[PDB]
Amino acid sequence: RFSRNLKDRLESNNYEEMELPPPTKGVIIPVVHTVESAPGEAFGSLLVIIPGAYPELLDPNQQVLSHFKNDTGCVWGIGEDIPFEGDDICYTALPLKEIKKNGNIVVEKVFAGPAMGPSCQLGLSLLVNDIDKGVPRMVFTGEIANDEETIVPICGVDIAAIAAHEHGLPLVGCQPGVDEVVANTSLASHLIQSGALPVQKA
């Protein structure tokens, strides 16, 4: 599906870049973009999700709020409610141009609608359950099963991986096409704490 023609067109849809100091914590996830006017063509980009409610930082087409289950937090820029609980914090999903070695994040506004579908769930589950400090240098994509632990495959994995790789990052998910494969949220948590795939030397 990868079109470098569609990516370049909608690059002028990117406006107002800025560099921020490091958030207290965050997580990075991919979003897969298609236009109706260009059937067959897709391109990915990245969102970094940080603490605090900052709708003013979003393009107005992304200024929608989704809720975690039972009134336990929310996230701006995500288009569908999240079927598990959060940690009582509202977050904001910002388009991510670059995460730097010092922790700074360069973000931008983008003329586009919010992230739809369930692929943001794996990063969100990790953000509210497992990440306390810093932003893992990894891109997470996957739907979370009703048991709240098992990860389920999503659409557009190869588009997501290209978007991750363009930013110098590995893609993390449950399915073929990712760089590190995690069956469930414990494993993805253990990956975060390890810093990389654990290494076996014979």
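One rule holds for the numbers: they count along the sequence shown, beginning at 1.
Checklist entry - So which stretch wins on mean C-alpha B-factor, 164 to 172 or 46 to 54? => result In the deposited entry, the stretch with the higher C-alpha B-factor mean is 164 to 172.
Next on the checklist: Which is higher on mean Cα B factor in this entry, 6 to 14 or 20 to 28?
Outcome noted: Mean B over CA atoms: larger for 6 to 14.
Checklist entry - Taking the Cα B-factors listed in the entry, which of 141, 63, 70, 66 comes out highest? => result Highest C-alpha B-factor among the listed residues goes to 70.
Item to check | Candidate residues 118, 123, 114, 83, the one whose C-alpha B factor the record puts highest | outcome: So the option with the highest C-alpha B-factor is 83.
Checklist entry - Among the modelled residues of its chain, does the C-alpha B-factor of residue 102 lie in the lowest, middle or highest third? => result According to the entry, residue 102 has a C-alpha B-factor in the chain's highest third.
Next on the checklist: Per the entry's values, where does residue 135 land by CA temperature factor relative to the rest of its chain, in the lowest, middle or highest third?
Outcome noted: Its C-alpha B-factor, which the entry lists for residue 135, ranks in the middle third among residues of this chain.
Item to check | Ranked against its chain, the third holding the CA B-factor of residue 89 | outcome: Its C-alpha B-factor, which the entry lists for residue 89, ranks in the highest third among residues of this chain.
Checklist entry - residue 157's Cα B-factor: lowest, middle or highest third of the chain? => result It belongs to the middle third of the chain when residues are ordered by C-alpha B-factor.
Next on the checklist: Taking only the Cα B-factors deposited for this chain, tell me whether residue 187 sits in the lowest, middle or highest third.
Outcome noted: Middle third.
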